[PDB]
Amino acid sequence: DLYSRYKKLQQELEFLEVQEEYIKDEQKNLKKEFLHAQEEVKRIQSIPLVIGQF
Amino acid sequence: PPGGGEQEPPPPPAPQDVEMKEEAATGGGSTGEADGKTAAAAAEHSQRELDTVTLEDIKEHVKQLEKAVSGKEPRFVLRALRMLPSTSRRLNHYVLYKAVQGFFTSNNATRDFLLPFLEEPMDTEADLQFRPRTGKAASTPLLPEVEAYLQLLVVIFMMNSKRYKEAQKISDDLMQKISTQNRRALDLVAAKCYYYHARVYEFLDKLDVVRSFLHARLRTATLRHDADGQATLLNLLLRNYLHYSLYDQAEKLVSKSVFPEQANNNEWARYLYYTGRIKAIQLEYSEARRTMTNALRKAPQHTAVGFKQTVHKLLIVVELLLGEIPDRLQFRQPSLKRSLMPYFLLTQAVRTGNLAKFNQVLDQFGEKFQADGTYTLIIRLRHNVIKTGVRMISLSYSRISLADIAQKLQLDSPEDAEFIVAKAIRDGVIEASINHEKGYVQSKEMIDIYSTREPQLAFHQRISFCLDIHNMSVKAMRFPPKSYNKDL
Amino acid sequence: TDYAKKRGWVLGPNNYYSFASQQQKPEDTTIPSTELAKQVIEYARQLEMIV
Amino acid sequence: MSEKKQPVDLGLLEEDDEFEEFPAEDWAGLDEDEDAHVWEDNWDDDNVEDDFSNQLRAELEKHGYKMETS
């Protein structure tokens with residue numbers, strides 16, 4: 001237990017380590033996706049259109 | 001007899017509620033806060049405990065309490081003792097012992113029961129489980145209370161409190177290095193202890209004991225520290241080195257290590273004044289000017305007034321060396337005003353720089369600034385007069401006359417004019433052209449700024465440094481929102 | 001005598017001459033443009049690293 | 001710490017116990033002309049004032065005599 005807590009815990013160090021570059025990949029990719037869907041819903045808005053009244 | 005006899009049991013019954021409510025609030029708040037996971041939640045009571053300490057530094061607590069109010073002294077924590085389970089009858093006892101002193105009276109005294117404060121720390125401080133945090137949370141607040149009024153043979157009582165403090169925790173520790181929130185508390189708590197009886201220390205003794213051990217306790221932390229409390233322990237060492245060390249092969253640049261994350265929102269200011277005070281004896285003109293003025297501008301929280309007269313006074317003391325002495329301009333408080341009330345005639349006597357008059361003026365009403373010790377930077381001032389005055393000559397026109405400006409500098413010879421002007425030339429702080437065509441000495445005296453004079457290279461470094469400061473401030477608005485969204 | 005072998009300067013017609021004084025030609029601005037380009041690289045870094 | 005403010009403030013109470021309200025009232029002789037006037041201006045006005053408190057204080061009355069003599 002006591003001295004096994006060290007090397008047992010090291011695997012939790014590594015498993016929490018692997019989430020770092022993963023959250024880097026998500027944080028770099030999903031904002032690119034955000035400007036993807038942002039520009040794509042922007043280009044839905046086109047200037048030829050009909051005028052109504054509220 | 002009716003005047004104080006009728007208003008005697010009235011006034012008192014008022015700090016009792018806020019001190020008992022305070023010790024239950026920060027005691028039960030600290031234990032009840034970090035009890036389950038002390039290691040997860042850290043330093044939440046750091047600002048709480050220090051703000052209670054600075055909240056109780058201005059206590060008008062004991063004025064009349066020597067006469068029959070001393071029941072608060074033998075009473076203490078008494079929380080959940082003698083057995084770690086089955087504390088419900090002790091939850092009854094909490095109301096019981098507080099209610100025993102509230103029936104009629106109590107047999108009370110002041111100076112008798114001091115030495116057996118170790119009765120519970122022998123067996124169980126509070127619970128036998130949270131013994132470190134309850135031991136320091138029990139003992140360490142009440143020791144400045146009874147060891148307040150350091151005078152009148154309480155210095156010996158302070159020595160008893162010393163050996164009790166070391167004897168239970170800080171002889172080594174009970175577990176060497178606790179490695180928790182009360183380890184991180186115990187850094188500045190043990191430091192605060194050593195500052196508190198440092199008055200006892202310098203009162204009769206000097207550097208020769210716990211201060212010499214404090215290097216070993218200073219390095220017993222293992223080095224893996226953030227070194228905040230290690231820096232606070234360094235501050236008592238450097239203040240101990242202020243009055244008399246003068247050797248520079250250890251503390252100066254040697255003590256200078258990694259420069260850890262040493263913040264406290266106070267310790268930048270007072271640490272920086274301490275190293276600026278010791279770096280003020282070699283007459284630092286560039287660095288200690290700006291950063292010691294910065295340390296003046298730090299610590300705004302409690303007072304900007306009562307202490308910053310010292311960094312302010314030392315600051316203007318080294319500012320008038322450079323010829324340009326800014327007075328008290330933008331800060332209005334009548335403490336620095338009375339601080340410079342002797343200094344004003346001489347600091348206005350800097351710029352005109354009249355030798356024979358102002359030499360008499362300094363020592364004339366010189367009482368406290370020349371009783372402040374050893375006349376050092378004023379004795380450098382006494383021949384810095386003509387150098388700052390001739391620096392005003394450098395702020396004036398180029399050619400040096402043999403009658404007008406030589407007589408005006410009270411200095412009437414062809415040799416010493418060009419000679420001491422040449423002593424300003426070997427500085428490099430000026431711009432001058434040594435020319436002899438007929439014997440008259442020229443200077444180009446060009447104070448042209450870099451506006452249309454190599455600007456890219458000039459504020460090149462300003463752009464890089466300034467953007468690094470602004471962009472590390474961008475880091476300082478990135479990471480504390482991480483410290484916001486961490487809990488949720 | 002000593003300063004003719006210590007300084008090693010020109011000794012003129014009863015005058016003491018001063019050379020190599022503010023003679024320097026200014027920079028090409030190219031190498032500081034390269035280190036400014038490295039500053040721009042580190043601005044893309046420090047502005048956008050964690051992102 | 002801010003408890004090292006305490007002996008510095010004991011020094012301050014010794015400074016206030018040097019003269020008891022002699023400098024507050026007498027320097028309030030200058031403050032009653034100087035109160036609510038912006039004291040950044042009172043450093044310039046105090047600068048040239050204390051500069052000419054020695055000699056040639058007004059001196060514009062003398063320049064008309066400096067015309068024919070200089």
# chains A, B, ... in the order shown; residues from 1 in each chain; ligands from 1

$ select_by_dssp --residues "chain C" --states "alpha helix (DSSP H)" --output "ChimeraX atom specification"
/C:2-6,31-47

$ residues_around --residues "stretch 9-15 of chain D" --least-positions-apart "3" --cutoff "9 Å" --atoms "only C-alpha atoms" --output "CSV table (one decimal) with N, CA and C atoms, in the first residue's frame"
chain,number,residue,atom,x,y,z
B,306,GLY,N,1.5,55.4,7.0
B,306,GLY,CA,2.3,55.4,8.2
B,306,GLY,C,3.7,54.7,8.1
B,307,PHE,N,3.9,53.8,7.1
B,307,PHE,CA,5.2,53.2,7.0
B,307,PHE,C,5.9,53.7,5.8
B,335,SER,N,1.7,62.8,7.7
B,335,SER,CA,2.6,62.0,8.4
B,335,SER,C,4.0,62.2,7.7
B,338,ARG,N,5.0,65.9,8.2
B,338,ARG,CA,5.8,66.1,9.4
B,338,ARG,C,7.1,65.3,9.3
B,339,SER,N,7.2,64.3,8.5
B,339,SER,CA,8.5,63.6,8.3
B,339,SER,C,9.5,64.5,7.6
D,4,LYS,N,5.9,45.9,12.2
D,4,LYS,CA,7.1,46.7,12.2
D,4,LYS,C,6.7,48.2,11.9
D,5,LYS,N,5.5,48.4,11.5
D,5,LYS,CA,4.9,49.7,11.5
D,5,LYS,C,4.8,50.3,13.0
D,6,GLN,N,4.7,49.4,14.0
D,6,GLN,CA,4.5,49.8,15.3
D,6,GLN,C,5.7,50.6,15.9
D,18,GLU,N,7.7,65.8,20.0
D,18,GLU,CA,8.7,66.9,20.0
D,18,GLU,C,8.0,68.2,20.2
D,19,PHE,N,7.2,68.6,19.3
D,19,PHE,CA,6.4,69.8,19.4
D,19,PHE,C,4.9,69.4,19.4

$ interface_residues --of "chain C" --to "chain B" --cutoff "10 Å" --atoms "only C-alpha atoms" --output "ChimeraX atom specification"
/C:26-27,29,32-33,36,39-40,42-43,46-47,50

$ write_last_selection --atoms "C-alpha atoms" --output "compact mmCIF listing (two decimals), in the first residue's frame"
# COMPACT_ATOMS: atom_id res chain seq x y z
CA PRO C 26 24.98 53.24 -38.09
CA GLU C 27 23.46 49.81 -38.59
CA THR C 29 18.58 47.91 -40.06
CA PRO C 32 17.44 44.22 -36.25
CA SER C 33 14.66 43.62 -38.77
CA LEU C 36 12.13 42.06 -34.97
CA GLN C 39 9.86 39.21 -32.07
CA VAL C 40 6.87 38.78 -34.40
CA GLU C 42 7.35 35.23 -30.41
CA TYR C 43 4.29 37.49 -30.58
CA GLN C 46 2.93 34.43 -26.69
CA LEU C 47 -0.34 35.69 -28.15
CA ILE C 50 -2.21 27.72 -25.47

$ atom_distance --atom1 "atom CA of residue B:59" --atom2 "atom CA of residue B:141"
13.7 Å

$ residues_around --residues "stretch 369-385 of chain B" --least-positions-apart "2" --cutoff "9 Å" --atoms "only C-alpha atoms" --output "count of residues only"
26

$ residues_around --residues "stretch 284-300 of chain B" --least-positions-apart "5" --cutoff "12 Å" --atoms "only C-alpha atoms" --output "JSON, numbers by chain"
{"B": [263, 264, 265, 266, 267, 268, 269, 270, 271, 272, 273, 274, 275, 276, 277, 278, 279, 305, 306, 307, 308, 309, 310, 311, 312, 313, 314, 315, 316, 317, 318, 319, 320, 321, 322, 323, 324, 325, 326, 330, 331, 429], "D": [1, 2]}

$ interface_residues --of "chain D" --to "chain B" --cutoff "12 Å" --atoms "only C-alpha atoms" --output "PyMOL selection string"
chain D and resi 1-24+26-28+31+35-44+46-54

$ interface_residues --of "chain C" --to "chain A" --cutoff "12 Å" --atoms "only C-alpha atoms" --output "list in words"
residues 48, 49, 50 and 51 of chain C

$ residues_around --residues "residue B:173" --least-positions-apart "5" --cutoff "12 Å" --atoms "only C-alpha atoms" --output "PyMOL selection string"
chain B and resi 131-132+135-136+165-168+178-179+182-183+186-187+190+217+220-221

$ residues_around --residues "residue B:396" --least-positions-apart "6" --cutoff "12 Å" --atoms "only C-alpha atoms" --output "list in words"
residues 389, 390, 405, 430, 443, 444, 445, 446 and 447 of chain B

$ write_last_selection --atoms "N, CA and C atoms" --output "tab-separated table (two decimals), in the first residue's frame"
chain	number	residue	atom	x	y	z
B	389	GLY	N	24.84	71.08	-8.64
B	389	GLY	CA	24.77	72.44	-9.12
B	389	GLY	C	25.41	72.60	-10.48
B	390	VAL	N	26.54	71.93	-10.70
B	390	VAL	CA	27.18	71.97	-12.01
B	390	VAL	C	26.42	71.08	-12.98
B	405	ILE	N	30.33	82.44	-14.40
B	405	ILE	CA	29.82	81.16	-13.95
B	405	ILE	C	30.81	80.48	-13.01
B	430	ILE	N	26.52	63.26	-19.20
B	430	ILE	CA	26.31	64.51	-19.92
B	430	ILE	C	26.76	64.37	-21.36
B	443	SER	N	31.21	73.23	-25.27
B	443	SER	CA	30.48	71.97	-25.20
B	443	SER	C	29.37	72.05	-26.23
B	444	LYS	N	29.06	70.93	-26.86
B	444	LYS	CA	27.95	70.97	-27.81
B	444	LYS	C	26.61	70.90	-27.10
B	445	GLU	N	26.61	70.41	-25.85
B	445	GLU	CA	25.48	70.34	-24.90
B	445	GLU	C	24.17	69.84	-25.53
B	446	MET	N	24.30	68.92	-26.49
B	446	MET	CA	23.15	68.44	-27.25
B	446	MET	C	22.32	67.53	-26.35
B	447	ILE	N	21.17	68.03	-25.91
B	447	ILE	CA	20.18	67.20	-25.22
B	447	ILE	C	19.05	66.80	-26.17
